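**Q** See upload-v1.cif below, with mmCIF, C-alpha atoms and all ligand atoms.
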```cif
data_data
#
loop_
_atom_site.label_atom_id
_atom_site.label_comp_id
_atom_site.auth_asym_id
_atom_site.auth_seq_id
_atom_site.Cartn_x
_atom_site.Cartn_y
_atom_site.Cartn_z
CA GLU P 1 -6.60 17.44 -16.59
CA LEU P 2 -7.33 15.99 -13.15
CA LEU P 3 -10.98 15.64 -12.13
CA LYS P 4 -12.38 14.31 -8.87
CA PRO P 5 -13.04 10.59 -9.07
CA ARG P 6 -16.74 10.06 -8.44
CA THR P 7 -16.45 6.37 -7.57
CA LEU P 8 -13.79 3.69 -7.33
CA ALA P 9 -14.53 2.69 -10.93
CA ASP P 10 -14.03 6.29 -12.00
CA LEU P 11 -10.76 6.42 -10.08
CA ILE P 12 -9.56 3.31 -11.91
CA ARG P 13 -10.44 4.86 -15.27
CA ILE P 14 -8.52 8.02 -14.33
CA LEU P 15 -5.52 5.98 -13.20
CA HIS P 16 -5.44 4.21 -16.54
CA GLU P 17 -5.14 7.64 -18.17
CA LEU P 18 -2.39 8.79 -15.74
CA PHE P 19 -0.35 5.64 -16.42
CA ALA P 20 -0.94 5.61 -20.21
CA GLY P 21 2.70 6.65 -20.70
CA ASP P 22 6.07 5.44 -19.42
CA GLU P 23 6.60 7.84 -16.55
CA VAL P 24 4.60 8.75 -13.47
CA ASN P 25 3.52 12.15 -12.19
CA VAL P 26 3.56 11.29 -8.50
CA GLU P 27 1.90 14.47 -7.26
CA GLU P 28 -1.00 14.10 -9.70
CA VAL P 29 -1.53 10.44 -8.89
CA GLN P 30 -1.43 11.15 -5.17
CA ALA P 31 -3.85 14.06 -5.61
CA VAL P 32 -6.44 12.00 -7.45
CA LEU P 33 -6.15 9.14 -4.97
CA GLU P 34 -6.68 11.59 -2.12
CA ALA P 35 -9.66 13.15 -3.93
CA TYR P 36 -11.53 9.85 -4.14
CA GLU P 37 -13.82 9.78 -1.10
CA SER P 38 -13.86 6.24 0.17
CA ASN P 39 -17.24 4.61 -0.30
CA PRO P 40 -17.35 1.23 1.44
CA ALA P 41 -20.08 -0.20 -0.79
CA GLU P 42 -17.80 0.29 -3.81
CA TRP P 43 -14.97 -1.82 -2.41
CA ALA P 44 -16.76 -4.34 -0.15
CA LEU P 45 -16.10 -7.01 -2.80
CA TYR P 46 -12.35 -6.65 -2.24
CA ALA P 47 -12.43 -6.27 1.55
CA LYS P 48 -11.67 -9.86 2.45
CA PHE P 49 -10.02 -10.22 5.85
CA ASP P 50 -8.07 -13.03 7.48
CA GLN P 51 -8.15 -13.60 11.18
CA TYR P 52 -4.40 -13.86 11.58
CA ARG P 53 -2.76 -11.37 9.27
CA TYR P 54 -3.39 -8.66 6.71
CA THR P 55 -4.54 -9.66 3.24
CA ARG P 56 -3.80 -8.35 -0.23
CA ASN P 57 -6.74 -8.20 -2.65
CA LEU P 58 -6.07 -7.37 -6.26
CA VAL P 59 -8.50 -4.86 -7.77
CA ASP P 60 -6.97 -3.87 -11.13
CA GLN P 61 -3.85 -4.77 -13.15
CA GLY P 62 -3.49 -1.36 -14.73
CA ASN P 63 -3.00 -2.66 -18.27
CA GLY P 64 0.39 -3.85 -17.03
CA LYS P 65 1.49 -0.43 -15.76
CA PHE P 66 0.46 -0.82 -12.14
CA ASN P 67 -1.15 -3.15 -9.64
CA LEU P 68 -4.03 -1.65 -7.63
CA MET P 69 -4.95 -3.64 -4.55
CA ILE P 70 -6.83 -3.41 -1.31
CA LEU P 71 -5.14 -4.48 1.90
CA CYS P 72 -7.28 -5.49 4.89
CA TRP P 73 -5.71 -5.18 8.30
CA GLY P 74 -7.29 -6.80 11.34
CA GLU P 75 -6.80 -5.29 14.74
CA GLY P 76 -3.09 -5.52 15.53
CA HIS P 77 -2.07 -6.65 12.06
CA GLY P 78 0.97 -5.14 10.47
CA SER P 79 3.73 -5.53 7.94
CA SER P 80 7.42 -6.11 7.99
CA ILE P 81 9.79 -3.24 7.49
CA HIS P 82 10.04 -3.42 3.71
CA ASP P 83 11.11 -1.87 0.44
CA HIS P 84 9.22 -1.48 -2.85
CA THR P 85 11.39 -3.09 -5.49
CA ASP P 86 12.31 0.05 -7.42
CA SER P 87 8.61 0.88 -7.81
CA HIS P 88 6.31 3.67 -6.73
CA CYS P 89 3.99 2.94 -3.81
CA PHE P 90 0.88 4.98 -3.12
CA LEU P 91 -1.14 4.09 -0.05
CA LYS P 92 -4.60 5.54 0.53
CA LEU P 93 -6.68 4.83 3.64
CA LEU P 94 -10.18 3.61 2.90
CA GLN P 95 -11.19 2.75 6.48
CA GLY P 96 -9.56 3.15 9.89
CA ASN P 97 -6.04 4.32 10.62
CA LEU P 98 -2.58 2.93 9.98
CA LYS P 99 0.69 3.79 11.62
CA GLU P 100 3.50 4.26 9.09
CA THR P 101 7.02 4.06 10.51
CA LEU P 102 9.88 5.20 8.29
CA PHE P 103 13.37 3.72 8.30
CA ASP P 104 16.54 4.50 6.41
CA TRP P 105 18.26 1.86 4.34
CA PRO P 106 20.65 -0.12 6.57
CA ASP P 107 24.40 0.10 6.32
CA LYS P 108 26.39 -3.09 5.68
CA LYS P 109 27.19 -3.38 9.40
CA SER P 110 24.69 -5.27 11.56
CA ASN P 111 22.84 -2.68 13.63
CA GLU P 112 19.46 -1.93 15.13
CA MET P 113 17.26 -0.17 12.61
CA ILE P 114 16.16 3.02 14.35
CA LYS P 115 12.95 4.63 13.21
CA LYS P 116 13.38 7.94 11.42
CA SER P 117 9.82 9.05 12.08
CA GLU P 118 6.27 7.81 12.33
CA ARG P 119 2.83 9.07 11.47
CA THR P 120 -0.77 8.11 11.73
CA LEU P 121 -2.42 7.85 8.33
CA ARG P 122 -6.10 8.64 8.60
CA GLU P 123 -9.19 7.87 6.51
CA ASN P 124 -8.91 9.14 2.95
CA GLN P 125 -5.28 10.30 3.27
CA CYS P 126 -2.80 9.14 0.62
CA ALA P 127 0.85 8.53 1.46
CA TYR P 128 3.68 7.86 -0.99
CA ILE P 129 6.98 6.02 -0.73
CA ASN P 130 9.74 4.73 -2.99
CA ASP P 131 13.15 3.23 -2.35
CA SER P 132 14.85 6.59 -2.82
CA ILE P 133 12.93 7.91 0.17
CA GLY P 134 13.44 4.88 2.39
CA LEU P 135 11.76 1.84 3.90
CA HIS P 136 8.59 1.61 5.94
CA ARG P 137 6.48 -0.53 8.21
CA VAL P 138 2.67 -0.22 8.13
CA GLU P 139 0.58 -1.32 11.10
CA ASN P 140 -2.97 -1.27 12.29
CA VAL P 141 -2.30 -0.66 15.96
CA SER P 142 -6.01 -0.39 16.78
CA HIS P 143 -7.52 -2.85 19.23
CA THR P 144 -11.06 -2.14 18.03
CA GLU P 145 -11.10 -1.07 14.37
CA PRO P 146 -10.05 -2.99 11.28
CA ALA P 147 -8.33 -0.87 8.62
CA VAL P 148 -8.54 -1.01 4.84
CA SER P 149 -6.10 0.63 2.47
CA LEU P 150 -5.81 1.03 -1.26
CA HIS P 151 -2.31 0.53 -2.67
CA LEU P 152 -0.98 1.39 -6.11
CA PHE P 153 2.35 -0.03 -7.19
CA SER P 154 4.02 0.99 -10.44
CA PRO P 155 5.51 -0.97 -12.06
CA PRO P 156 3.82 -4.03 -10.56
CA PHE P 157 6.09 -6.25 -8.48
CA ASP P 158 5.48 -9.54 -6.69
CA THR P 159 8.63 -9.70 -4.57
CA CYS P 160 10.29 -7.36 -2.12
CA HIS P 161 12.50 -7.52 0.97
CA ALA P 162 11.67 -7.67 4.64
CA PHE P 163 14.23 -6.17 7.04
CA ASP P 164 15.11 -7.46 10.50
CA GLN P 165 14.75 -4.47 12.81
CA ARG P 166 17.47 -5.91 15.08
CA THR P 167 20.18 -6.14 12.41
CA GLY P 168 19.14 -4.50 9.14
CA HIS P 169 19.49 -7.85 7.42
CA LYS P 170 17.12 -8.36 4.51
CA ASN P 171 15.31 -11.41 3.19
CA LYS P 172 13.47 -11.76 -0.10
CA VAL P 173 9.75 -12.37 0.23
CA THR P 174 7.20 -13.25 -2.43
CA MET P 175 3.92 -11.51 -1.83
CA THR P 176 0.76 -13.54 -2.15
CA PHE P 177 -2.75 -12.51 -3.09
CA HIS P 178 -5.71 -13.37 -0.95
CA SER P 179 -8.08 -12.60 -3.82
CA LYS P 180 -8.11 -11.21 -7.35
CA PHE P 181 -11.03 -9.32 -8.82
CA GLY P 182 -13.20 -10.33 -5.87
CA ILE P 183 -12.38 -14.04 -6.16
CA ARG P 184 -10.58 -15.80 -3.34
CA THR P 185 -7.33 -17.21 -4.68
CA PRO P 186 -6.11 -19.96 -2.32
FE FE I 1 4.94 -0.63 1.69
#
```
Rewrite the structure from the file as structure tokens, please.
Ligand SMILES: [Fe+3]

**A**
Amino acid sequence: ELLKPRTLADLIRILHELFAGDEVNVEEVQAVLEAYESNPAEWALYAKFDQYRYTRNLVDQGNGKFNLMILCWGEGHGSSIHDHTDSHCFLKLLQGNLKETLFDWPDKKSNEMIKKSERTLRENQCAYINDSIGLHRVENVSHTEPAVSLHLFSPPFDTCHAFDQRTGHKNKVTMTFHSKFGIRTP
């Protein structure tokens, strides 16, 4: 039974219930993430920015079932076009706006990756992707507003692939944490 999360801590408790088993009800998880009304005081601890690129800040390890993290995007910061390593990805905006651009999986032949679509993800909205749907790029295209997003990955993964938009060629990347549980992790 899905109730509105009152706070980030309440959200985390609810997520632990929703991931108690071995499968994932995507629509329920997305609904509860959307229902949490971002409260900046609750996540300030995790909102650690870097001047040069976006940062990943681990919030909860989900009793091994998921990684919950906060990503902090300076003005003009964005990601590679990437996959999600056979895992679910939920992405909820906590502050600002992000542009999500969707791409299909490349063919074997070297070719420009042409965007399938794009959308602007706004405060409190929760998007979802998995490898069956496709690839995406996420960017804070703002010149004036930093963005903050809350990401849930299940199962957790620490590697993925970045894709060269010019060719479709992929490279394995290991994702690094900027902080864990509020502690900077150089
Ligand atoms: Fe992603």

**Q** When distances are computed from all atoms listed in the file, which of P:91, P:11, P:18, P:173 shows the smallest separation from ligand FE 1 (chain I)?

**A**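 Counting all atoms listed in the file, the residue closest to ligand FE 1 (chain I) is P:91.
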
**Q** Any idea what the distance is between atom CA of residue 20 of chain P and atom CA of residue 63 of chain P?

**A**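 Spanning atom CA of residue 20 of chain P to atom CA of residue 63 of chain P is a straight-line distance of 8.7 Å.
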
**Q** Atom CA of residue 161 of chain P to atom CA of residue 84 of chain P: how many Å, to one decimal?

**A** 7.9 Å

**Q** Name all residues at most 12 Å from residue 77 of chain P (count only C-alpha atoms; drop same-chain ones fewer than 4 positions away) and give them as a list in words.

**A**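 Everything that qualifies: residues 49, 50, 51, 52, 53, 54, 55, 71, 72, 73, 97, 98, 99, 137, 138, 139, 140, 141, 142, 143, 144, 145, 146, 147 and 148 of chain P.
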
**Q** Kindly give the distance, in Å, that separates atom CA of residue 45 of chain P and atom CA of residue 122 of chain P, rounded to a single decimal.

**A**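 According to the coordinates, atom CA of residue 45 of chain P and atom CA of residue 122 of chain P are separated by 21.8 Å.
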
**Q** Can you pull out every residue within 7 Å of residue 111 of chain P, counting all atoms listed in the file, but drop anything in the same chain fewer than 3 positions away, and send it as a ChimeraX atom specification?

**A** /P:166-168

**Q** Please provide as an NGL selection string all residues within 6 Å of segment 175-179 of chain P, with the sequence filter that same-chain residues fewer than 5 positions apart are discarded (counting only C-alpha atoms).

**A** :P and (55-57 or 158-159 or 184-185)

**Q** Would you write out those residues with C-alpha atoms, as a PDB file, keeping the file's coordinate frame?

**A**
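As written to disk, part.pdb reads:
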```
ATOM      1  CA  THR P  55      -4.540  -9.660   3.240  1.00  0.00           C
ATOM      2  CA  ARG P  56      -3.800  -8.350  -0.230  1.00  0.00           C
ATOM      3  CA  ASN P  57      -6.740  -8.200  -2.650  1.00  0.00           C
ATOM      4  CA  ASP P 158       5.480  -9.540  -6.690  1.00  0.00           C
ATOM      5  CA  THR P 159       8.630  -9.700  -4.570  1.00  0.00           C
ATOM      6  CA  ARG P 184     -10.580 -15.800  -3.340  1.00  0.00           C
ATOM      7  CA  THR P 185      -7.330 -17.210  -4.680  1.00  0.00           C
TER       8      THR P 185
END
```

**Q** Write out as a PyMOL selection string each polymer residue (protein, DNA or RNA) that has an atom no more than 12 Å from ligand FE 1 (chain I), with only C-alpha atoms and all ligand atoms counted.

**A** chain P and resi 56+71+78-92+98-103+127-131+133-139+149-153+157+159-162+175

**Q** Could you list, as a list in words, every residue within 12 Å of residue 13 of chain P, counting only C-alpha atoms and ignoring same-chain residues fewer than 5 positions away?

**A** residues 2, 3, 4, 5, 6, 7, 8, 18, 19, 20, 32, 33, 60, 61, 62, 63 and 68 of chain P

**Q** For each of P:26, P:114, P:121, P:47, take the minimum atom-to-atom distance to residue 164 of chain P, counting only C-alpha atoms, then give the residue where this is smallest.

**A** P:114

**Q** So, counting only C-alpha atoms, which residue among P:67, P:38, P:165, P:132 is closest to residue 180 of chain P?

**A**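 Nearest candidate to residue 180 of chain P out of P:67, P:38, P:165, P:132: P:67.
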
**Q** Need the axis-aligned box for segment 141-155 of chain P with 5 Å each side, so what are the centre and edges in Å to one decimal, as JSON?

**A**
```
{"center_x": -2.8, "center_y": -0.8, "center_z": 3.6, "size_x": 26.6, "size_y": 14.4, "size_z": 41.3}
```

**Q** I'd like to know which of P:44, P:69, P:15, P:29 is closest to residue 156 of chain P, using only C-alpha atoms.

**A** P:69

**Q** Pick out the closest residue to residue 16 of chain P from this set: P:163, P:31, P:58, P:66. Count only C-alpha atoms.

**A** P:66
